[PDB]
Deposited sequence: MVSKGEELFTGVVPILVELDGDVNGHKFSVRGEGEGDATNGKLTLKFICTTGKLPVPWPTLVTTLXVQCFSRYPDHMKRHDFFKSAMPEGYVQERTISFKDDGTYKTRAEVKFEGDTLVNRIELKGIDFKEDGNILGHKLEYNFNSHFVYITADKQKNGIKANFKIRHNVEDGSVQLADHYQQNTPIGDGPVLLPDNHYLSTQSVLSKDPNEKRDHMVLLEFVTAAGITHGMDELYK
């Protein structure tokens, strides 16, 4: 629950991926400050050069660090499932191109929040925007729409990621997401709401490996009951 996130929490991220047969691994380390909604992470492709653009992996590479307003805390499924954790699965459909399917487990190893991911990508075009590395190294702001999934005792989400392309166009990546708690502990199943996300991608000038430095800010919104400063 909430008590596990009141301070700064170390994060580890591990990703094993296969896109069109290209096998790669990514490791990340950093920390999260859920009280402010802030993540700071650095990711390295430990197998060598990454075969897809780093921005395509941002959403896959810990929504338990979202800042939920006080009046919305009872709608925070992600923290409610901690420390035992949750499974997060997605299908990501790149318009006019291939698809990623991802399965991750997000849980605590003691003080550290760990996101361990398997990713499979298929049907990508060899000189599409992904395998052709035509996406700009930057990231837009989005809304993540959450609803409860009673049957699976978890949540579903949907959203559309917009990836800038180097020729000025936009590459859409449609996200379908399901989260299921690990084990049988009680959880908070929320009313419909959304996350508001913002991200900054950068590079470490002293890092020669293929890598991504990430700053991310996420808050929850879409419910107003109990937010008394809004009465005025």
Which parts of the deposited sequence have no C-alpha atoms in the model?
1-4, 66
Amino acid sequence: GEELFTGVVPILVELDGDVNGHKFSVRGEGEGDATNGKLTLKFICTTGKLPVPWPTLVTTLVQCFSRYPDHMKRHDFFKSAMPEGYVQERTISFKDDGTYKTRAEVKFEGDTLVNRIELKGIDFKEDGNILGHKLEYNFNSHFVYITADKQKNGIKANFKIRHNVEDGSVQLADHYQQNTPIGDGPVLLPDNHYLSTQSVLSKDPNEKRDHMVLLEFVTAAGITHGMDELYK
From here on, numbers count along this sequence of modelled residues.
Which of the two stretches, 204-212 or 17-25, shows the higher mean Cα temperature factor in the record?
204-212
Looking only at CA atoms, which has the higher mean B factor in the entry: 125-133 or 85-93?
125-133
So among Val170, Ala34, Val187, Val62, who wins on Cα B-factor in the entry?
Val170
Quick check on the deposited entry: does the C-alpha B-factor of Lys156 sit in the lowest, middle or highest third of its chain?
middle
If you rank the chain by CA B-factor, which third does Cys45 end up in: lowest, middle or highest?
middle
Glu105, C-alpha B-factor rank within chain (lowest, middle or highest third)
lowest
Which third of the chain holds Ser66 when residues are ordered by C-alpha B factor: lowest, middle or highest?
lowest
What third of its chain, lowest, middle or highest, does the C-alpha temperature factor of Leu195 fall into?
lowest
